[PDB]
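Next up: a single chain in structure tokens, the form deposited in one PDB entry.
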């Protein structure tokens, strides 16, 4: 609960919602419809109160952006591209090209969506 950005997930009957824990709050994609989010490749973020339902991945953490920018994105209701493929993610995380705050948040949003989408595959 001090500027730490850890990956966490909420598991309801095997379907997983992923989010970023900062303090006593969770940032996640504002969607209960993963079909439409995935098909459109677009989402905004929301911030909710952390609860015991959330499971922290203490060895995972997405430190790609400053939290204030994500707070601003939540407040502004900005709609991000969350459909980057592995090549784009790989270039972003293993390369040295400039990465805007919007691109950085879109990257983390892609990771959240992809992780949640993979949990749906029956």
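Numbering follows the first chain given and starts at 1. Between two forms, the rigid core is the largest collection of C-alphas that superpose within 1.5 Å. Shifts are known only where both forms have a C-alpha.
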**Residue range whose averaged C-alpha B-factor is higher in the record, 76 to 84 or 24 to 32** = 24 to 32
**Prompt:** 92 to 100 versus 58 to 66: which one carries the higher mean Cα B factor per the record?
**Reply:** 58 to 66
**Asked** Based on the entry's values, in what third of the chain does the Cα temperature factor of residue 37 lie: lowest, middle or highest?
**Response** lowest
**Fill in**
Chain thirds by Cα B factor, record data; residue 106 belongs to the lowest
**Request:** Sorting the chain's modelled residues by C-alpha B-factor, tell me whether residue 118 ends up in the lowest, middle or highest third.
**Result:** middle
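One more form of this protein, deposited in another entry, exists but is not displayed; see below.
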**Prompt:** Once you align the rigid core, which of 50, 74, 62, 79 turns out to move its Cα at least 2 Å between the shown form and the other one?
**Reply:** 62
**Request:** Return yes or no for residue 38: a CA shift of at least 2 Å between the shown form and the other one, with the rigid core superposed?
**Result:** no
**Request:** Look at the CA atoms of residue 8 and residue 86: state whether they lie closer or farther apart in that other deposited form than in this form, given a difference of 3 Å or more.
**Result:** farther
**Asked** Looking in that other deposited form, are the Cα atoms of residue 68 and residue 64 closer together or farther apart than here, the change being 3 Å or more?
**Response** closer
**Prompt:** Among residues found in both forms, what runs of at least 3 in a row have Cα shifts of 2 Å or more between the shown form and the other one after core fitting?
**Reply:** 1 to 4, 12 to 14, 33 to 36, 58 to 65, 81 to 98, 120 to 122
